[PDB]
Structure formats: C-alpha cells, structure tokens
Amino acid sequence: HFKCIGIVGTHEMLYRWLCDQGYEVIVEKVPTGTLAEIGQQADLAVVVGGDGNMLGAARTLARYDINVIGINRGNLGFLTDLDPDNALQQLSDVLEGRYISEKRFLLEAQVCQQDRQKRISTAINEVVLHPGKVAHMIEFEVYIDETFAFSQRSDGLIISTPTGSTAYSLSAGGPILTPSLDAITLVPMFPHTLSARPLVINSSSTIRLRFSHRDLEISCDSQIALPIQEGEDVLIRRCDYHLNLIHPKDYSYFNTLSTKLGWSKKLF
Amino acid sequence: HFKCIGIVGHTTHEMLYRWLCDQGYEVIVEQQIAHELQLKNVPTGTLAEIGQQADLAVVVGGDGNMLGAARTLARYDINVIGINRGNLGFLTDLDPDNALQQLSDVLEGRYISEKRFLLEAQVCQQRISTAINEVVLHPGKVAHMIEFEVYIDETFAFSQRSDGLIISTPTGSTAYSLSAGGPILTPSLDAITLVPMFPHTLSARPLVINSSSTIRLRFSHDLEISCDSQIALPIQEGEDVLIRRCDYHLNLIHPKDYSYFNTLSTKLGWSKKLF
C-alpha cells in the first residue's frame, strides 16, 4: 500500500476520491509542492496529460524513490495507461497493490573539455547530435567503451533509450526496443555511407563522440541544445537511477505498440 | 594450457594437424572431414566426442563451417576458435596465412573468452532445431505470402502478412537479418531481433526483445522453419512454433587483439579514424 499520493501535470475528481479514501495528497484555490518536493514526499505520483508532460515529469521523478503512473486524456500512450473514464477503477486496483512495474532507464550526456565537465543534461527518450544549422553535413568519431568503433559523415546521430525507440528514433529508421531492454540504439541521420545501419549496444556501455579540431550541439529530449565548443567531446552513458513506472494488471506493452503503430491485431 | 585439441570443419587442416602434433598436443580430427580429406593414420572422433572431451576445437573453413560445428560444440564445456577463409569473419578470427603464429599465442593462454547464446525452435502440437544465427519462418514456395500470429512471452503481439519472419541472435544480426534491413546487435547483448520479410503493413519495423523472452508463432489451420544453413523443416497443420534461448552457449575464444568493431567496420565498409 501507498501513504502519500502526488498529483502532477478528473484533476478535480481525482483529488476528491483520494482524500475520501484516506490518503495524504500533495498537488502542484491543501498540501502543495514543487515537482521535486512531490518526488521527495510521495510514494505514488499520478501524472495528468498524456506522454507529453509525463516526459517532463519523468526526468525529475526518476531521481526519487517514487512510483509513477500516468492518466492520458483519451488516447493511448506508451507511458500513460489510464483512460479518464476507467481511471478510478484502475487506480483503485493499483492502490490495493495490484500493478505491473516497468523500470525505464535514462541517458546522461556530458560535454567535456579533457576531464572538465562543461555541460550536462539527461534524457528519457534520446540524445541527438546535430549541427547548429540543420541539413548541413557533420563528421564525428564514435568510441564505444573508450575503443574507436567507427566514424561518420551525416546530418547527425540519435542515441535512444528503449523508451525513445518509438519516438524520433523510429521516424529516423531505428528499431523498436522493448521498454526494459538493457540496450541503447545509435541511429544515423542520413549518413553518407549507404551501408550504415542502426547499431544496438549494451546500456552498460559508454559512448564518446569526438569532432574535428577546426557549431555542434546535442539535444536531450528536445530540451534546449547544449553547445559543443572547439576541442570538446561528448560522453553518453546510462544514468544511475531509473523511472519507477507502474501499470494496471491488464497492461500489455505489445497491445500498446501494435495499436499505436497500426500493426495487425488479427487472429485466425 | 589445452591438452586435447580437435580439428573440425568441412590443406589448412593438414598444416594444423602436423603443427599441433609437432608441438606435442594430443590431436583428434572430426571423423567426416578426415575421410573427406582422405587422411591416413590420423585419429578421429565424432563431433560430439570432440565436444565432450577436447579442451579446444579449431574450426577450419570460415563462418559457414563454424555454424555447423557450433550447434554441437555449444552443448559442451569446450573452447572454440575459428580460422577464416582469408577475408574476415564474424565468428572466425584467425588468418589462414598467419594461423600458426596466432594460434600459438592462444595456446599460451593469450585469449579472450566470449559466450554466444543460441536459439531453440520447437514445433508444438500443444520436433526441435537450434541456430546460432537465425530461425526463419517462410513458405515452401519462394516469394509467396504467408499469414501468422506472434506472441511474445505468450502475450499476443501482432499478426503479419508477409514473405516470412527472421528471428536473429546478435551473432546472426550481421547475416541474413542485415540483408533484410535489420539492426546490428553487438555480439554479447542479451537480445534477439524479429525482422519481417516484406510485410504488407508499411509501419512494420524490426523489433528487439530480451533474449530471456519466448516467441510463439501461430498459423491458419507448406509452412517451414529454416535454422541457419540447415534444410527447411516442415510445420504440419495445427502446429505452433515456439522459439527461445538455448540453455547452453558457444564458448568462443578470440585472439587478444580481437576488436568486434574493427571487423564490423571493415566488413561493412564503414569509415575509420578521421582526426
């Protein structure tokens, strides 16, 4: 069972039913808090508003010992299970201890000058290396676990988690990775080498990107881009914390995947 | 220190045998290849006997020969090293023009150990094969469409109309799967990939799952399963196919200077250092 529930992001209805059930509730006219304070104080965070603000919530809430469940606003998401009409019924089951866990790992991207960290961001979806101004070709060397792997001339590079594999990565031709796979995918953006193909590596591996000495940036989950100045390199690795995501007992990842991508669900 | 060395895989064979014997090793040669090379006064054993008793098997003749050997050798506590046909392989590390020098280093204990998992296919009536690269579901008639349901860890996932389905290990991901548009998986990853073969659904994409997951294929009441380079095996009406990771792994050993990414980039023509 859970003690303290946070509501983050029906919004009026949720608070009232939870109070009536005996739970301490903290919300973003009444205990209130910042997202990080809710992460700190609550055992369960209910996020309102589909995959969109769940993404923003996720990066902070991943830092805490807190379970996270999302209530979408009508249509299926990968991170948001509850439909508003069935919300209370399912949330009731979850509160009784009846739920599925789906830990989602995150990426940490550092811009480094030798050993000095200059900039840092995190991503639940992807990190994208790209030029300052788009469609212009760039060159980079990829090192995996500090060993030279290959170089590339391209529009850039997408490094995606399993969570991110159905997002931008998928639109760039990447493979789908099941949500808890211990893997990271590197997906080139329009490579000059026609034999280039997405590469899937162990999520325990580190990726170092190096650049010519003579305007590059990285974007993490489409947050504001981090500049990469001359002589700097990028280090990407798995974060040492994950998003504790939970789902109702009738959750089926493959049902969600097939439904969102328009795959056949026909039986003979 | 290895004591008993098997030579497996169907002129390089003879050089190896003579050299290893000169070095004082107990050498045994796979029975079929000894007879095929028409060898004289050379001791032989079955591939299984070699797998269960030798410390090391040296596989001659490139990646193709390694596939056949590996399905038996994987079952056992034996180290396995391969000699390529000249050009690099993904499974065979040794250059036949420098095999004696390279193997010498390995025999002195300079090597890195790596485990490769295999797939097991079961044809279920509520028959088995294994594969180190891939299991391919397809019809008897090439370029004919088939329909099938896919379950992953027994949960219904999707149906497909296509020419078939490739289920590949990380080892197989550079093989048939790659030609079919699949991703490259680093050889040690605990993952398998499902790659559709010309699916009618244009949003179908390669899917990568945990190697601890099972896959079940269900059909309408001429379907076949092909594992690596083995003959196609018929699926009778009413039968489902179940695919899972084998309980045993190939104990591959590599020269100390082995670099997966160097082999990958060389074989696929990817660019090397720039700066």
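- Going by the header, the method for this PDB entry is X-ray crystallography, and the resolution given is 2.0 Å.

## Examining the domain arrangement of chain B
All names here are of chain B.
Inference 1: Segmentation of chain B into domains returns domain 1 (1-117 + 248-275) and domain 2 (118-247).
Inference 2: Across the boundary between the two partners, domain 1 contributes 18 residues, which contact 26 residues of domain 2.
Inference 3: Carbon and sulfur atoms make up 71% of the area that domain 1 and domain 2 hide from each other, which totals about 1700 Å².
Inference 4: The largest contributions to the domain 1 side of the interface with domain 2 come from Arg71, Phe117 and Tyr248, which together make up 49% of the buried area.
Inference 5: Across the domain 1-domain 2 interface, the total number found is 1 salt bridge.
Inference 6: Note that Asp228 is salt-bridged to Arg71, the shortest N-O span being 3.1 Å.
Inference 7: Between domain 1 and domain 2 we count 3 residue pairs in polar contact in total.
Inference 8: Looking at the side of domain 1 that touches domain 2, the elements with two or more residues in it are α4 (63-73), β6 (111-124), β18 (240-255) and α7 (260-268).
Inference 9: Among the residues making up the side of domain 1 that touches domain 2, the classes are represented as 14 nonpolar, 1 polar and 3 charged.

## Examining the UniProt feature "active site" in chain B
Residues and elements named next belong to chain B.
Inference 1: The feature "active site", as given by UniProt, occupies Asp63 in the numbering adopted here.
Inference 2: Positionally, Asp63 belongs in helix α4.
Inference 3: Leave out the neighbours within four places in its chain, and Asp63 touches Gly89, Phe90, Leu91 and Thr92.

## A look at helix α5 (residues 99-107) of chain B
Residue and element names in this part refer to chain B.
Inference 1: Those residues of α5 not exposed but buried are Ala99, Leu103, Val106 and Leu107. For α5, the angular spread of buried residues about the axis comes to 95°, placing them on one side.
Inference 2: Here the buried face of α5 lies against β1 (4-8), α1 (12-22), β4 (56-60), β5 (79-83), β6 and β18.
Inference 3: Trailing α5 by a residue or two, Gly109 shows a phi angle of about 95°, which is positive.

## Points about the pairing of strand β16 (residues 216-220) of chain A
Residues and elements named next belong to chain A.
Inference 1: Taking burial as the measure, the 5 residues of β16 include 4 buried ones, the bulk of the element.
Inference 2: Here β16 runs beside strand β17 (residues 226-228); their pairing, made up of 3 bridges, is antiparallel. From the neighbouring strand, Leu216 faces β17, where its bridge partner is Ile228.
Inference 3: In textbook terms, the turn of a hairpin is the stretch between consecutive antiparallel strands, and for β16 and β17 this stretch comprises 5 residues, one of which, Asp221, has a positive phi near 50°.

## Describing the environment of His249 of chain B
Inference 1: With respect to the helices and strands, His249 of chain B occurs in strand β18.
Inference 2: Not counting chain neighbours up to four residues away, the residues in contact with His249 of chain B comprise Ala74, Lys115, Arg116, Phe117 and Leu118 of chain B.

## A word on the interface of chain A and chain B
Inference 1: The interface of chain A with chain B comprises 42 residues on the first partner and 41 residues on the second.
Inference 2: Buried area between chain A and chain B, both sides added, is near 3500 Å², and the carbon and sulfur share of it is 63%.
Inference 3: Of all residues in chain A, the largest losses of buried area upon contact with chain B belong to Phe254, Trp263 and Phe268 of chain A, amounting jointly to 19% of the total for that side.
Inference 4: In this structure, the salt-bridge partner of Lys266 of chain A is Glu147 of chain B, at a minimum N-O distance of 3.5 Å.
Inference 5: Where chain A packs against chain B, one counts 20 residue pairs in polar contact.
Inference 6: Of all the secondary structure elements, the ones that give two or more residues to the side of chain A that touches chain B are β9 (138-144), β10 (147-154), β12 (176-177), β14 (199-202), β15 (207-211) and α6 (253-261) of chain A.
Inference 7: The biggest single contributor to the side of chain A that touches chain B is β9 of chain A, with 5 residues.
Inference 8: Each residue belonging to the side of chain A that touches chain B can be placed in one class, and the counts come to 24 nonpolar, 11 polar and 7 charged.
Inference 9: Two strands pair when backbone bridges link them, and β14 of chain A and strand β12 (residues 184-185) of chain B are joined in this way by 2 bridges, in the parallel orientation. Of the residues in β12 of chain B, the one forming a bridge with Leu199 of chain A is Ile184 of chain B.

## Some words on the sheet that holds strand β17 (residues 233-235) of chain B
Within a beta sheet, neighbouring strands are joined by backbone hydrogen bonds and run either parallel or antiparallel to one another.
Inference 1: Here we have 7 strands laid out as an open sheet, ordered β12(A)-β14(B)-β13(B)-β11(B)-β8(B)-β16(B)-β17(B), and mixed in their pairing. Edge strands, defined here as strands with exactly one partner in the open sheet, are β12 of chain A together with β17 of chain B.
Inference 2: Direction of pairing for strand β8 (residues 134-139) of chain B relative to strand β16 (residues 223-227) of chain B: antiparallel, over a ladder of 5 bridges. Within β16 of chain B, the residue paired with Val136 of chain B across the bridge is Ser226 of chain B.

## Observations regarding the sheet that holds β17 of chain A
Inference 1: As summarised here, the arrangement of the 7 strands in space is β17(A)-β16(A)-β8(A)-β11(A)-β13(A)-β14(A)-β12(B), forming an open sheet in which the pairing is mixed. Edge positions in the open sheet fall to β17 of chain A together with β12 of chain B, since each of these has one partner strand only.

## A word on unusual backbone geometry
Inference 1: At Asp145 of chain A, a residue that is not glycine, the phi angle is positive and equals roughly 50°.
Inference 2: With respect to the helices and strands, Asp145 of chain A occurs in the loop between β9 and β10.
Inference 3: By relative accessible area, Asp145 of chain A is classed as partly exposed at 40%.
Inference 4: Although it is not a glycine, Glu154 of chain B adopts a positive phi angle of roughly 70°.
Inference 5: Tracing the sequence through the fold places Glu154 of chain B in the loop between β9 (146-152) and β10 (155-162).
Inference 6: Here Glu154 of chain B falls in the partly exposed class, since its relative accessible area comes to 41%.

## Section: the nonpolar core
Inference 1: Residues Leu129, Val142, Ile207, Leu209, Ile218 and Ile236 of chain A together with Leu264 of chain B are the most contacted members of the largest nonpolar core, which totals 38 residues.
Inference 2: Once you skip the residues sitting within four places of it in the chain, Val142 of chain A turns out to touch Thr147, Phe148, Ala149, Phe150, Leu157, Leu186, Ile207, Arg208 and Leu209 of chain A.

Conventions and cut-offs
Residues numbered from 1 in each chain as written, not as in the entry; some residues may be left out. Chains lettered and ligands numbered in written order. Heavy atoms only, no water. Domains from an automatic or database assignment. Contact = heavy atoms within 4.5 Å. Buried area = accessible area lost by both parts, 1.4 Å probe. Salt bridge = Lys/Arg side-chain N within 4 Å of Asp/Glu carboxyl O. Polar contact = N/O pair within 3.5 Å; in protein donor to acceptor, adjacent residues only side chain to side chain. Helix = DSSP H or I, 4+ residues; strand = E, 2+ residues; numbered from the N terminus. Nonpolar A, V, L, I, M, F, W, Y, C, P; charged D, E, K, R; others polar. UniProt positions renumbered as here; feature names shortened; annotations may be inferred. Buried < 20%, exposed > 50% of the residue type's maximum accessible area, 1.4 Å probe, protein only. Arc of directions from axis to C-beta. Pairing = 2+ DSSP bridges. Core = buried A, V, L, I, M, F, W, Y, C linked by side-chain atoms within 4.5 Å.

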